[PDB]
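First comes one chain, alone, set out as structure tokens in the form deposited in one PDB entry.
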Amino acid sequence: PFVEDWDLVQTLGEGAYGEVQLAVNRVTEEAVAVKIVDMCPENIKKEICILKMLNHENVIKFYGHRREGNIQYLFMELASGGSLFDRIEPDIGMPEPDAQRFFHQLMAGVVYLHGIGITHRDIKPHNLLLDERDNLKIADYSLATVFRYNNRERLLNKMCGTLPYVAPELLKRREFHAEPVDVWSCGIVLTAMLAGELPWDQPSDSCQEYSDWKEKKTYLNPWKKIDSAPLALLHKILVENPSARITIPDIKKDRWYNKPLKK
């Protein structure tokens, strides 16, 4: 039984749907991340099925799972570097070359997900982890879902995620395309990395900071802290109409995205 093989040392944090712990094996001392859930059978079955699909250098590794009656045990690679959240200095961000590198890696992982028809739905720095060489890994598949199957796209029609990161259409439209929503959250992550603050509580008209952006007041914070090149990218990403929003193929052609900054 689980408790005979593993010791739960501490809480690593909460995901969208549960909580994950640092587990250390009682024989080998191998340290792993474990998500423990007392079975929704329907959602957890879904989370496990997506987890089994994943194989990419910028997505967390899934080791497997154990069911002990009603409780499911999900085992995954521990991120020795902790989270990206912890590299963002409040009100400062991080050095632009470090931000660009992490943004390159984030885009690599998101392209991989979208290419297998999965949308993450909750991209934010808490869910972006780092291995021992600071390679970024997209974690937490509790909200992830299928948006393309047999080459047919399905629109999403459920609101979820985290408000300061969600795209405006998720709050307004009854159904919407999955990919532009993930692209938007990437832009908020990039903003956070370069300014060390979030731009708004949510992207709604009742939020003044979001109105300010739409009116192009980039002389205000956080935008004033961001160099003109990454800012120009952020103007293409944080576009209100998802059909006019930049796609990942075009992000990959952006001037800042291609600027040499780092060894």
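Note that residue numbering follows the sequence shown and begins at 1. If you superpose the two forms and keep the largest set of C-alpha atoms that fall within 1.5 Å, you have the rigid core.
> With respect to the deposited sequence, how many residues separating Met39 from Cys40 are not represented by coordinates: none, 1 to 3, 4 to 9, or 10 or more?
Replying inline: 4 to 9 residues lack coordinates between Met39 and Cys40.
>> Please compare 90 to 98 with 75 to 83 and say which has the higher mean C-alpha temperature factor in the record.
In response: Of 75 to 83 and 90 to 98, the stretch with the higher C-alpha B-factor average is 75 to 83.
> Per the PDB record, is the mean Cα temperature factor higher over 6 to 14 or over 235 to 243?
Replying inline: According to the entry, 6 to 14 carries the higher average C-alpha B-factor.
> Can you tell me which of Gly64, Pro203, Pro230, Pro222 has the highest Cα temperature factor in the record?
Replying inline: The listed residue with the largest C-alpha B-factor is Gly64.
> Which one of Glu132, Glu179, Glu169, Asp122 shows the top CA temperature factor in the record?
Replying inline: Among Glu132, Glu179, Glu169, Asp122, the highest C-alpha B-factor in the entry belongs to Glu132.
> In terms of the chain's CA B-factor thirds, is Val59 lowest, middle or highest?
Replying inline: Ranked within chain, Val59 CA B lands in the middle tercile.
>> Ranking the modelled residues of this chain by C-alpha B-factor as given in the entry, is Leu198 in the lowest, middle or highest third?
In response: For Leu198, whose C-alpha B-factor we compare with every modelled residue in the chain, the answer is the middle third.
> Can you tell me which third, lowest, middle or highest, the CA B-factor of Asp254 falls into for its chain?
Replying inline: According to the entry, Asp254 has a C-alpha B-factor in the chain's lowest third.
>> What third of the chain does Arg173 rank in for C-alpha temperature factor, lowest, middle or highest?
In response: Ranked within chain, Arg173 CA B lands in the middle tercile.
> What third of its chain, lowest, middle or highest, does the C-alpha temperature factor of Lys158 fall into?
Replying inline: Top third by C-alpha B-factor.
Only in words, not in the display: the form deposited in another entry, which the text now covers.
>> For a quick test of reading the superposition: does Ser243 move by 2 Å or more at the CA between this form and the one not shown, rigid core aligned?
In response: Comparing the forms between this form and the one not shown, which are aligned on their rigid core, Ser243 does not shift its C-alpha by 2 Å or more.
>> So, superposing on the core, is the move of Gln208 at the CA at least 2 angstroms between this form and the one not shown?
In response: Not so; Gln208 is displaced by less than 2 Å.
> Against the rigid core, is the Cα displacement of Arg66 between this form and the one not shown at least 2 Å?
Replying inline: For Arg66, whose C-alpha is compared between this form and the one not shown after core superposition, the shift is less than 2 Å.
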